[PDB]
Amino acid sequence: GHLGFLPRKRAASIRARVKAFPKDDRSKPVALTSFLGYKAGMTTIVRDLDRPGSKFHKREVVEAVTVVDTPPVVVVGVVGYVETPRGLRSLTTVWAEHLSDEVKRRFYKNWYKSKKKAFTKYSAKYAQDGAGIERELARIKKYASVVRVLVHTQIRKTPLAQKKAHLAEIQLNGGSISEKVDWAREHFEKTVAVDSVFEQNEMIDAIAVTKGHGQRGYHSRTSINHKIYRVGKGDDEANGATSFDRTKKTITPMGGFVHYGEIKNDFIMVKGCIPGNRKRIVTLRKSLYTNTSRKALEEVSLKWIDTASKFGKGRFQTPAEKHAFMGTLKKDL
RNA sequence: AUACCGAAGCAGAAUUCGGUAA
RNA sequence: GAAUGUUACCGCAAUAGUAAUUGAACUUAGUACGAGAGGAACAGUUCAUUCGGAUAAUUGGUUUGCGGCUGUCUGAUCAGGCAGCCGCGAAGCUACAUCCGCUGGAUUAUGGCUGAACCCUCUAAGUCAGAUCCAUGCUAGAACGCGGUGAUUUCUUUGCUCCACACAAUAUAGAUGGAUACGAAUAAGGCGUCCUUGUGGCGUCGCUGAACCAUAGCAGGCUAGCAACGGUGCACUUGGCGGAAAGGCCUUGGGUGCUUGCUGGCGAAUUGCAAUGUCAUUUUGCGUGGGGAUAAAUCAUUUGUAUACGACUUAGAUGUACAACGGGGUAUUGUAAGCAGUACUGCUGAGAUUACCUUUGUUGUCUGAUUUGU
């Protein structure tokens with residue numbers, strides 16, 4: 001057994017705690033250092049191997065790729081940090097004036113029984129000329145060194161019975177922390193898309209809690225060197241609008257995703273599998289730095305995508321395939 | 001446990017020796 | 001899972017566990033070498049084996065649900081009620097399935113530079129290249145670590161909280177004028193000045209704080225006069241600085257006492273020759289007035305990512321919120337009940353189930369007990 005991955009004690013929460021960020025680039029424009037989303041099932045994808053010298057070089061090759069259910073990231077605040085001899089410390093936290101019901105639920109377990117006195121008087125302080133809630137920005141500018149944005153996911157968009165919001169801190173790539181806080185404030189209550197941070201062929205890393213076998217499993221894990229193959233937009237239609245297979249369909253498997261994960265929002269395709277099963281929230285990061293190897297730098301296309309259901313063994317790809325061979329079906333037509 | 005140095009009439013391949021190190 | 005404020009969310013990390021590993025192919029190659037066969041090599045690329053984490057794209061040992069097969073039989077073909085067998089296949093157990101498994105410093109052995117010991121010297125003063133130690137990363141989080149943040153019982157007869165005054169208990173790891181702020185060197189640094197502004201010139205300081213600020217009044221009162229509007233106890237007000245443990249530093253203007261800077265008038269006694277002769281706050285308790293806000297958690301209900309049992313993850317006090325359904329998709333089966341007679345033929349790839357998604361219309365529910373609170 002691995003010595004580093006011991007003891008095997010289970011994680012304390014579904015969300016995996018991120019404790020490392022890709023340094024701090026003082027020259028890059030302001031951008032998010034990571035992304036948050038939810039994990040769906042898995043599928044299959046094939047692409048052309050442009051890698052030189054490979055056995056399957058310049059040939060179509062099948063690769064296993066998972067699908068991450070990514071809801072839009074709506075900013076709710078930002079957190080500043082200051083260097084100290086006792087380690088990094090969060091000097092001040094601020095919020096985006098207004099908070100959705102899902103965000104308020106995160107602070108409540110018996111939400112229905114509670115009088116729902118969530119963020120309210122704080123908004124009353126904001127409901128004026130600003131003063132303290134505006135001087136906090138100046139205080140952050142004066143002393144802060146690294147600023148982490150505070151965002152939550154649109155859980156109600158995800159097909160999850162649990163409507164409680166999930167929130168985590170994300171560091172800002174850009175320098176000039178004044179610009180960091182200015183951009184964060186301007187983005188208060190705004191919605192951020194995947195294209196604003198990640199991009200196709202980027203070697204992102206995945207971190208999440210492992211599957212529980214029902215103590216084996218249910219522990220946080222980090223997987224690095226995973227290449228994105230296509231930015232997905234499940235809000236629209238015809239997600240399979242690739243250059244090949246001009247018979248546009250949807251990435252959703254027949255009858256919906258197995259067990260759970262009926263995609264109804266943005267999604268992303270990532271090379272290989274991801275730790276943990278569906279219904280688990282997964283955070284994405286740029287993998288610190290980008291390797292210069294062809295396996296990490298080369299860009300890839302996409303073609304065949306499997307759509308047959310897995311509620312059994314799998315056969316039918318689309319409902320329109322059932323005709324001709326079955327003759328008459330008086331029960332239906 | 002593998003390799004890093006100096007030497008051999010060590011052309012190359014290849015081989016041996018003194019030190020580091022398990 | 002027990003305790004410091006109540007509860008909960010997002011964070012930091014003192015600390016500890018460390019992780020990768022070997023071979024193979026191209027191009028540098030038939031190149032340098034070399035009579036000759038034979039055959040280097042850095043760097044750039046492509047794969048798998050040893051080991052580790054994952055998930056099921058596929059595979060794999062792994063809902064009597066669909067077709068029919070035997071027996072006890074309803075009378076009788078339609079039914080298997082009871083005990084199972086041949087094809088398809090999940091649900092999980094669970095691997096013979098798949099991907100991935102990182103880049104920066106200081107060193108040493110070692111190769112040099114400057115340069116004495118005494119021409120030389122990689123070493124004595126230092127330094128460049130350079131594998132063992134630490135960093136990056138991953139895993140847990142002091143449950144005897146820390147920061148920020150959502151809210152602070154509308155009646156315990158202001159209940160909670162911060163303040164003003166106001167009486168007690170509680171004790172001190174131990175006041176009895178003042179922690180009375182640069183940096184850098186110790187084979188030199190300040191101070192005041194000059195400036196043709198520098199590693200500069202001039203005068204000079206240390207050799208201890210054995211000092212600096214203050215220190216006089218019944219333990220510190222009343223009052224009179226002189227010189228200035230300086231010093232200072234205290235309530236305000238304009239503004240700046242301090243985020244490392246900033247929680248302090250002040251700054252403008254008056255207001256109000258003292259002023260021992262100087263000169264006078266008042267009382268000190270009896271504690272009897274002394275008995276620390278009681279003056280600081282740390283915490284907590286009770287009595288009023290000046291304001292501020294009025295919430296949260298457990299069980300229940302349940303969920304299924306979780307699941308040996310705990311635990312964990314959820315939904316709900318009026319909106320497609322919770323949940324039933326048949327429908328729809330999904331998976332499965334290949335000729336079912338009968339009727340058309342030509343000794344199996346059209347309905348009939350049929351009906352069909354469907355613990356996965358789906359909940360479109362109807363329909364039912366939406367209200368309880370306990371606890372917390374500086």
# chains A, B, ... in the order shown; residues from 1 in each chain; ligands from 1

$ interface_residues --of "chain A" --to "chain C" --cutoff "6 Å" --atoms "only C-alpha atoms (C1' of nucleotides)" --output "PyMOL selection string"
chain A and resi 2-5+43-44+53-54+64+88-90+92-93+107+118-119+162+214+255-256+258-259+272-273+275+279+311-312+326

$ write_last_selection --atoms "N, CA, C and O atoms" --output "compact mmCIF listing (two decimals), in the first residue's frame"
# COMPACT_ATOMS: atom_id res chain seq x y z
N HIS A 2 0.29 2.33 -0.57
CA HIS A 2 1.01 3.60 -0.63
C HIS A 2 1.19 4.18 0.76
O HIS A 2 0.23 4.26 1.54
N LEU A 3 2.42 4.58 1.08
CA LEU A 3 2.69 5.20 2.38
C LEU A 3 2.16 6.63 2.42
O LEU A 3 1.69 7.09 3.47
N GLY A 4 2.24 7.35 1.30
CA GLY A 4 1.76 8.72 1.28
C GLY A 4 0.26 8.83 1.47
O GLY A 4 -0.23 9.76 2.12
N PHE A 5 -0.49 7.87 0.92
CA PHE A 5 -1.95 7.88 0.99
C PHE A 5 -2.47 7.15 2.22
O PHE A 5 -3.47 6.42 2.14
N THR A 43 -18.36 8.40 -20.47
CA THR A 43 -18.69 8.11 -21.86
C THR A 43 -17.41 7.70 -22.58
O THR A 43 -16.37 7.47 -21.96
N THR A 44 -17.49 7.62 -23.91
CA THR A 44 -16.37 7.23 -24.75
C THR A 44 -16.21 8.24 -25.87
O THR A 44 -17.20 8.78 -26.38
N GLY A 53 5.47 9.49 -34.08
CA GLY A 53 6.18 8.28 -33.72
C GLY A 53 5.37 7.25 -32.97
O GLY A 53 5.90 6.17 -32.68
N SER A 54 4.11 7.54 -32.65
CA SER A 54 3.29 6.59 -31.92
C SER A 54 2.87 5.43 -32.83
O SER A 54 2.82 5.56 -34.06
N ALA A 64 -11.21 6.83 -23.22
CA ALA A 64 -12.25 6.99 -22.21
C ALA A 64 -12.20 8.39 -21.63
O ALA A 64 -11.13 8.87 -21.23
N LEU A 88 -0.39 32.07 6.12
CA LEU A 88 -1.40 32.87 5.45
C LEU A 88 -2.60 33.08 6.36
O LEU A 88 -3.01 32.17 7.09
N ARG A 89 -3.18 34.28 6.31
CA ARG A 89 -4.29 34.65 7.17
C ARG A 89 -5.29 35.48 6.38
O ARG A 89 -4.91 36.38 5.63
N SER A 90 -6.57 35.17 6.56
CA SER A 90 -7.65 35.90 5.90
C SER A 90 -8.01 37.11 6.77
O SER A 90 -8.61 36.97 7.83
N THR A 92 -9.99 39.81 5.96
CA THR A 92 -11.35 40.32 5.84
C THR A 92 -12.09 39.53 4.78
O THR A 92 -11.50 39.11 3.78
N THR A 93 -13.39 39.33 5.00
CA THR A 93 -14.28 38.69 4.04
C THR A 93 -15.43 39.63 3.71
O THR A 93 -15.93 40.35 4.58
N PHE A 107 -25.87 27.66 5.37
CA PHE A 107 -25.69 27.92 6.79
C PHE A 107 -26.77 27.28 7.65
O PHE A 107 -26.78 27.48 8.87
N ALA A 118 -31.07 34.51 7.60
CA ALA A 118 -29.76 34.40 6.98
C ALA A 118 -29.26 35.80 6.65
O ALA A 118 -29.80 36.78 7.19
N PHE A 119 -28.23 35.91 5.82
CA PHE A 119 -27.69 37.22 5.45
C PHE A 119 -28.81 38.20 5.17
O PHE A 119 -29.53 38.07 4.17
N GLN A 162 -30.94 17.90 -3.51
CA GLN A 162 -30.34 18.81 -2.55
C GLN A 162 -30.14 20.17 -3.21
O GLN A 162 -29.32 20.31 -4.12
N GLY A 214 -18.89 1.04 0.84
CA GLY A 214 -19.85 0.59 1.84
C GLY A 214 -19.57 -0.81 2.35
O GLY A 214 -20.42 -1.44 2.96
N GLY A 255 -32.33 7.70 -22.18
CA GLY A 255 -32.99 7.57 -20.90
C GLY A 255 -32.35 8.38 -19.79
O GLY A 255 -32.67 8.16 -18.62
N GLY A 256 -31.45 9.30 -20.12
CA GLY A 256 -30.73 10.07 -19.13
C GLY A 256 -29.48 9.35 -18.65
O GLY A 256 -29.25 8.17 -18.91
N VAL A 258 -26.99 7.36 -16.36
CA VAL A 258 -27.28 6.22 -15.50
C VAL A 258 -27.26 6.66 -14.05
O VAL A 258 -26.35 7.36 -13.60
N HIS A 259 -28.29 6.24 -13.30
CA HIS A 259 -28.38 6.53 -11.87
C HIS A 259 -28.69 8.00 -11.61
O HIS A 259 -29.63 8.31 -10.87
N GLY A 272 -9.63 10.75 -19.55
CA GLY A 272 -9.64 9.77 -18.48
C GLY A 272 -10.82 9.95 -17.54
O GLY A 272 -11.75 10.72 -17.78
N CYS A 273 -10.76 9.21 -16.44
CA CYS A 273 -11.78 9.26 -15.41
C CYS A 273 -11.41 10.28 -14.34
O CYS A 273 -10.34 10.90 -14.39
N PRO A 275 -11.59 10.95 -9.90
CA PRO A 275 -11.88 10.30 -8.62
C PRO A 275 -13.28 10.64 -8.14
O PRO A 275 -13.77 11.76 -8.32
N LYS A 279 -22.85 12.58 -8.56
CA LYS A 279 -23.43 13.31 -7.44
C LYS A 279 -22.36 13.96 -6.57
O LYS A 279 -22.70 14.69 -5.63
N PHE A 311 -28.22 0.84 -18.69
CA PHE A 311 -29.17 0.19 -17.78
C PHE A 311 -29.37 -1.26 -18.21
O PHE A 311 -30.46 -1.70 -18.56
N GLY A 312 -28.27 -2.01 -18.16
CA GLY A 312 -28.24 -3.38 -18.64
C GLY A 312 -26.91 -3.69 -19.29
O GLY A 312 -25.88 -3.69 -18.61
N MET A 326 -38.43 -4.72 -36.74
CA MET A 326 -39.41 -5.22 -35.80
C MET A 326 -40.79 -5.41 -36.41
O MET A 326 -41.70 -5.90 -35.73

$ select_by_dssp --residues "region 12-138 of chain A" --states "alpha helix (DSSP H)" --output "VMD selection string"
chain A and resid 101 to 105 121 to 126 132 to 138

$ atom_distance --atom1 "CA of residue 15 (chain A)" --atom2 "CA of residue 253 (chain A)"
25.9 Å

$ residues_around --residues "residue 210 (chain A)" --least-positions-apart "5" --cutoff "10 Å" --atoms "only C-alpha atoms (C1' of nucleotides)" --output "ChimeraX atom specification"
/A:10-11,14,16,216-222,274-277,280 /C:53-55

$ closest_residue --among "A:100, A:201, A:318, A:120" --to "residue 294 (chain A)" --atoms "only C-alpha atoms"
A:201

$ select_by_dssp --residues "region 145-302 of chain A" --states "strand (DSSP E)" --output "PyMOL selection string"
chain A and resi 146-153+167-171+191-192+203-209+220-232+267-271+281-285

$ write_last_selection --atoms "C-alpha atoms" --output "PDB file, in the first residue's frame"
ATOM      1  CA  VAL A 146      -3.222  37.466  -2.502  1.00  0.00           C
ATOM      2  CA  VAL A 147      -6.987  37.694  -3.046  1.00  0.00           C
ATOM      3  CA  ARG A 148      -9.306  34.686  -3.380  1.00  0.00           C
ATOM      4  CA  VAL A 149     -12.731  35.022  -4.991  1.00  0.00           C
ATOM      5  CA  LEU A 150     -15.750  33.537  -3.204  1.00  0.00           C
ATOM      6  CA  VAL A 151     -18.286  31.868  -5.514  1.00  0.00           C
ATOM      7  CA  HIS A 152     -21.011  29.233  -5.351  1.00  0.00           C
ATOM      8  CA  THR A 153     -22.546  26.835  -7.863  1.00  0.00           C
ATOM      9  CA  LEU A 167     -19.197  27.430  -2.256  1.00  0.00           C
ATOM     10  CA  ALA A 168     -15.404  27.543  -2.262  1.00  0.00           C
ATOM     11  CA  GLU A 169     -12.585  30.069  -2.547  1.00  0.00           C
ATOM     12  CA  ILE A 170     -10.649  30.533  -5.796  1.00  0.00           C
ATOM     13  CA  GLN A 171      -7.400  32.470  -6.118  1.00  0.00           C
ATOM     14  CA  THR A 191     -22.173  34.708 -13.913  1.00  0.00           C
ATOM     15  CA  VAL A 192     -18.883  33.256 -15.179  1.00  0.00           C
ATOM     16  CA  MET A 203      -4.043  20.149 -18.981  1.00  0.00           C
ATOM     17  CA  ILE A 204      -6.302  20.586 -15.957  1.00  0.00           C
ATOM     18  CA  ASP A 205      -6.251  18.554 -12.744  1.00  0.00           C
ATOM     19  CA  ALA A 206      -9.189  17.052 -10.856  1.00  0.00           C
ATOM     20  CA  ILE A 207      -9.677  16.715  -7.094  1.00  0.00           C
ATOM     21  CA  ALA A 208     -12.629  15.014  -5.393  1.00  0.00           C
ATOM     22  CA  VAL A 209     -13.633  12.392  -2.820  1.00  0.00           C
ATOM     23  CA  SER A 220     -10.000  13.003  -0.938  1.00  0.00           C
ATOM     24  CA  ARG A 221      -7.718  12.480  -3.932  1.00  0.00           C
ATOM     25  CA  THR A 222      -5.935  14.660  -6.490  1.00  0.00           C
ATOM     26  CA  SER A 223      -5.483  13.631 -10.131  1.00  0.00           C
ATOM     27  CA  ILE A 224      -3.197  15.740 -12.323  1.00  0.00           C
ATOM     28  CA  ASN A 225      -2.255  15.897 -16.012  1.00  0.00           C
ATOM     29  CA  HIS A 226      -5.750  15.612 -17.492  1.00  0.00           C
ATOM     30  CA  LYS A 227      -6.306  17.244 -20.884  1.00  0.00           C
ATOM     31  CA  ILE A 228      -9.620  18.842 -21.836  1.00  0.00           C
ATOM     32  CA  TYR A 229     -10.852  17.808 -25.286  1.00  0.00           C
ATOM     33  CA  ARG A 230     -13.887  20.068 -25.809  1.00  0.00           C
ATOM     34  CA  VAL A 231     -15.584  22.881 -23.919  1.00  0.00           C
ATOM     35  CA  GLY A 232     -19.189  21.771 -23.423  1.00  0.00           C
ATOM     36  CA  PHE A 267     -20.381  20.551 -19.035  1.00  0.00           C
ATOM     37  CA  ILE A 268     -16.750  19.765 -19.843  1.00  0.00           C
ATOM     38  CA  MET A 269     -14.951  16.757 -21.322  1.00  0.00           C
ATOM     39  CA  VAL A 270     -11.740  15.648 -19.596  1.00  0.00           C
ATOM     40  CA  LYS A 271      -9.265  12.931 -20.538  1.00  0.00           C
ATOM     41  CA  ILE A 281     -18.855  17.923  -6.425  1.00  0.00           C
ATOM     42  CA  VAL A 282     -15.452  18.197  -8.111  1.00  0.00           C
ATOM     43  CA  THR A 283     -13.088  21.168  -8.358  1.00  0.00           C
ATOM     44  CA  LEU A 284     -10.898  21.806 -11.405  1.00  0.00           C
ATOM     45  CA  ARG A 285      -7.518  23.540 -11.514  1.00  0.00           C
TER      46      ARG A 285
END

$ residues_around --residues "residue 214 (chain C)" --least-positions-apart "3" --cutoff "12 Å" --atoms "only C-alpha atoms (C1' of nucleotides)" --output "list in words"
residues 177, 178 and 180 of chain C

$ residues_around --residues "region 8-13 of chain B" --least-positions-apart "5" --cutoff "7 Å" --atoms "only C-alpha atoms (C1' of nucleotides)" --output "list in words"
residues 33, 39 and 40 of chain C

$ write_last_selection --atoms "N, CA, C and O atoms (P, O5', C5', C4', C3', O3' and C1' of nucleotides)" --output "PDB file, in the first residue's frame"
ATOM      1  P     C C  33      36.706   9.534 -36.898  1.00  0.00           P
ATOM      2  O5'   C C  33      36.963   8.270 -35.964  1.00  0.00           O
ATOM      3  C5'   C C  33      37.448   8.434 -34.640  1.00  0.00           C
ATOM      4  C4'   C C  33      37.312   7.168 -33.832  1.00  0.00           C
ATOM      5  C3'   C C  33      38.073   5.961 -34.352  1.00  0.00           C
ATOM      6  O3'   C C  33      39.452   5.993 -34.030  1.00  0.00           O
ATOM      7  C1'   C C  33      35.878   5.313 -33.773  1.00  0.00           C
ATOM      8  P     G C  39      27.062  -4.348 -33.214  1.00  0.00           P
ATOM      9  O5'   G C  39      27.404  -2.890 -32.673  1.00  0.00           O
ATOM     10  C5'   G C  39      28.051  -2.707 -31.422  1.00  0.00           C
ATOM     11  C4'   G C  39      28.830  -1.417 -31.390  1.00  0.00           C
ATOM     12  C3'   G C  39      28.030  -0.153 -31.668  1.00  0.00           C
ATOM     13  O3'   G C  39      27.345   0.330 -30.525  1.00  0.00           O
ATOM     14  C1'   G C  39      29.976  -0.150 -33.000  1.00  0.00           C
ATOM     15  P     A C  40      25.960   1.129 -30.684  1.00  0.00           P
ATOM     16  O5'   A C  40      26.264   2.551 -30.035  1.00  0.00           O
ATOM     17  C5'   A C  40      27.277   3.392 -30.567  1.00  0.00           C
ATOM     18  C4'   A C  40      28.316   3.731 -29.528  1.00  0.00           C
ATOM     19  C3'   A C  40      27.842   4.610 -28.382  1.00  0.00           C
ATOM     20  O3'   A C  40      27.169   3.886 -27.366  1.00  0.00           O
ATOM     21  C1'   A C  40      29.864   5.472 -29.239  1.00  0.00           C
TER      22        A C  40
END

$ residues_around --residues "residue 184 (chain A)" --least-positions-apart "2" --cutoff "12 Å" --atoms "only C-alpha atoms (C1' of nucleotides)" --output "PyMOL selection string"
chain A and resi 30-32+74-80+94-96+137+140+147-151+170-174+177-182+186-192

$ write_last_selection --atoms "N, CA, C and O atoms" --output "short mmCIF file (atom, residue, chain, number, x, y, z; two decimals), in the first residue's frame"
data_model
loop_
_atom_site.label_atom_id
_atom_site.label_comp_id
_atom_site.auth_asym_id
_atom_site.auth_seq_id
_atom_site.Cartn_x
_atom_site.Cartn_y
_atom_site.Cartn_z
N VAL A 30 -6.18 39.40 -14.97
CA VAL A 30 -7.00 38.82 -13.91
C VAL A 30 -7.78 37.63 -14.45
O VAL A 30 -8.45 37.72 -15.49
N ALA A 31 -7.68 36.50 -13.75
CA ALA A 31 -8.40 35.29 -14.14
C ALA A 31 -8.49 34.38 -12.93
O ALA A 31 -7.75 34.53 -11.96
N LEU A 32 -9.41 33.42 -13.01
CA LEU A 32 -9.60 32.46 -11.93
C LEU A 32 -8.56 31.36 -12.01
O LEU A 32 -8.23 30.86 -13.09
N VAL A 74 -21.48 31.69 -10.17
CA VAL A 74 -21.96 33.03 -9.84
C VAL A 74 -21.17 33.53 -8.64
O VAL A 74 -21.11 32.87 -7.60
N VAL A 75 -20.56 34.71 -8.79
CA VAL A 75 -19.72 35.27 -7.74
C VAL A 75 -20.60 35.84 -6.63
O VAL A 75 -21.60 36.52 -6.89
N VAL A 76 -20.23 35.54 -5.39
CA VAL A 76 -20.94 36.05 -4.22
C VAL A 76 -20.05 36.89 -3.31
O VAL A 76 -20.56 37.46 -2.34
N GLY A 77 -18.76 36.98 -3.59
CA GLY A 77 -17.87 37.75 -2.75
C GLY A 77 -16.42 37.47 -3.09
O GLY A 77 -16.12 36.81 -4.09
N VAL A 78 -15.54 37.98 -2.23
CA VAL A 78 -14.10 37.81 -2.41
C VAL A 78 -13.44 37.88 -1.04
O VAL A 78 -13.93 38.53 -0.12
N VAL A 79 -12.31 37.19 -0.91
CA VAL A 79 -11.58 37.08 0.35
C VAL A 79 -10.13 37.49 0.10
O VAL A 79 -9.51 37.04 -0.86
N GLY A 80 -9.61 38.35 0.97
CA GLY A 80 -8.23 38.79 0.90
C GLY A 80 -7.36 38.10 1.93
O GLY A 80 -7.83 37.67 2.98
N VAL A 94 -15.83 39.62 2.44
CA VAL A 94 -16.92 40.46 1.95
C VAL A 94 -17.79 39.63 1.01
O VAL A 94 -17.36 38.61 0.47
N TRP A 95 -19.02 40.09 0.83
CA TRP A 95 -20.00 39.39 0.01
C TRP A 95 -20.57 40.34 -1.03
O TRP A 95 -20.41 41.56 -0.95
N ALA A 96 -21.25 39.77 -2.02
CA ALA A 96 -21.81 40.53 -3.14
C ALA A 96 -23.20 41.07 -2.83
O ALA A 96 -24.16 40.84 -3.56
N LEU A 137 -13.00 47.42 0.98
CA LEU A 137 -12.23 47.32 -0.25
C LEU A 137 -10.91 48.08 -0.13
O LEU A 137 -9.85 47.58 -0.55
N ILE A 140 -8.56 46.11 2.09
CA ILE A 140 -7.97 45.00 1.35
C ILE A 140 -6.87 45.50 0.43
O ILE A 140 -5.79 44.91 0.35
N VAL A 147 -5.54 37.55 -3.20
CA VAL A 147 -6.99 37.69 -3.05
C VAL A 147 -7.67 36.49 -3.68
O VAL A 147 -7.37 36.13 -4.82
N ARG A 148 -8.57 35.86 -2.93
CA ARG A 148 -9.31 34.69 -3.38
C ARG A 148 -10.78 35.04 -3.55
O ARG A 148 -11.41 35.55 -2.62
N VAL A 149 -11.32 34.74 -4.73
CA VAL A 149 -12.73 35.02 -4.99
C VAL A 149 -13.60 33.98 -4.30
O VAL A 149 -13.23 32.80 -4.17
N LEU A 150 -14.78 34.41 -3.85
CA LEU A 150 -15.75 33.54 -3.20
C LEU A 150 -16.95 33.39 -4.13
O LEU A 150 -17.63 34.38 -4.43
N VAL A 151 -17.21 32.16 -4.58
CA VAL A 151 -18.29 31.87 -5.51
C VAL A 151 -19.02 30.62 -5.05
O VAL A 151 -18.53 29.84 -4.23
N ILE A 170 -11.49 30.69 -4.62
CA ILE A 170 -10.65 30.53 -5.80
C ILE A 170 -9.69 31.71 -5.87
O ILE A 170 -10.12 32.87 -5.78
N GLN A 171 -8.40 31.42 -6.02
CA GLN A 171 -7.40 32.47 -6.12
C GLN A 171 -7.48 33.16 -7.48
O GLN A 171 -7.96 32.60 -8.47
N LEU A 172 -7.01 34.40 -7.52
CA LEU A 172 -7.00 35.21 -8.73
C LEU A 172 -5.61 35.20 -9.34
O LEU A 172 -4.63 35.52 -8.66
N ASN A 173 -5.53 34.85 -10.62
CA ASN A 173 -4.23 34.75 -11.28
C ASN A 173 -3.55 36.11 -11.39
O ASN A 173 -2.34 36.23 -11.15
N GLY A 174 -4.31 37.14 -11.76
CA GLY A 174 -3.70 38.43 -12.05
C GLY A 174 -3.09 39.08 -10.83
O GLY A 174 -3.54 38.90 -9.69
N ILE A 177 -3.00 43.55 -6.82
CA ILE A 177 -4.16 43.12 -6.04
C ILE A 177 -5.26 44.17 -6.06
O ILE A 177 -6.44 43.85 -5.87
N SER A 178 -4.90 45.44 -6.26
CA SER A 178 -5.92 46.46 -6.49
C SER A 178 -6.81 46.06 -7.67
O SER A 178 -8.04 46.13 -7.58
N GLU A 179 -6.19 45.64 -8.77
CA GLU A 179 -6.98 45.16 -9.90
C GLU A 179 -7.75 43.89 -9.53
O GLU A 179 -8.88 43.69 -9.99
N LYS A 180 -7.15 43.03 -8.71
CA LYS A 180 -7.85 41.83 -8.25
C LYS A 180 -9.18 42.19 -7.59
O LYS A 180 -10.24 41.68 -7.97
N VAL A 181 -9.13 43.09 -6.61
CA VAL A 181 -10.33 43.44 -5.85
C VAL A 181 -11.30 44.24 -6.72
O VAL A 181 -12.52 44.09 -6.60
N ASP A 182 -10.77 45.11 -7.59
CA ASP A 182 -11.64 45.87 -8.48
C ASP A 182 -12.42 44.94 -9.40
O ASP A 182 -13.63 45.11 -9.58
N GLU A 186 -16.48 44.27 -9.36
CA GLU A 186 -17.25 44.45 -10.58
C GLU A 186 -18.00 43.18 -10.97
O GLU A 186 -19.07 43.26 -11.58
N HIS A 187 -17.45 42.02 -10.64
CA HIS A 187 -18.05 40.74 -10.97
C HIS A 187 -19.02 40.25 -9.89
O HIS A 187 -19.50 39.11 -9.98
N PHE A 188 -19.31 41.07 -8.88
CA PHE A 188 -20.27 40.68 -7.86
C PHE A 188 -21.60 40.32 -8.50
O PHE A 188 -22.13 41.07 -9.33
N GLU A 189 -22.15 39.17 -8.11
CA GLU A 189 -23.42 38.65 -8.59
C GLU A 189 -23.41 38.33 -10.08
O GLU A 189 -24.46 38.01 -10.65
N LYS A 190 -22.25 38.41 -10.74
CA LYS A 190 -22.17 38.08 -12.15
C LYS A 190 -21.99 36.58 -12.34
O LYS A 190 -21.57 35.85 -11.43
N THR A 191 -22.30 36.11 -13.55
CA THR A 191 -22.17 34.71 -13.91
C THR A 191 -20.95 34.52 -14.80
O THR A 191 -20.75 35.27 -15.76
N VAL A 192 -20.12 33.54 -14.47
CA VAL A 192 -18.88 33.26 -15.18
C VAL A 192 -19.03 31.93 -15.91
O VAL A 192 -19.54 30.95 -15.35
#

$ residues_around --residues "residue 5 (chain B)" --least-positions-apart "2" --cutoff "10 Å" --atoms "only C-alpha atoms (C1' of nucleotides)" --output "PyMOL selection string"
(chain B and resi 19-20) or (chain C and resi 109-111)

$ atom_distance --atom1 "CA of residue 23 (chain A)" --atom2 "CA of residue 289 (chain A)"
9.5 Å

$ closest_residue --among "C:261, C:241, C:216, C:294" --to "residue 228 (chain C)" --atoms "only C-alpha atoms (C1' of nucleotides)"
C:261

$ atom_distance --atom1 "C1' of residue 27 (chain C)" --atom2 "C1' of residue 44 (chain C)"
8.2 Å
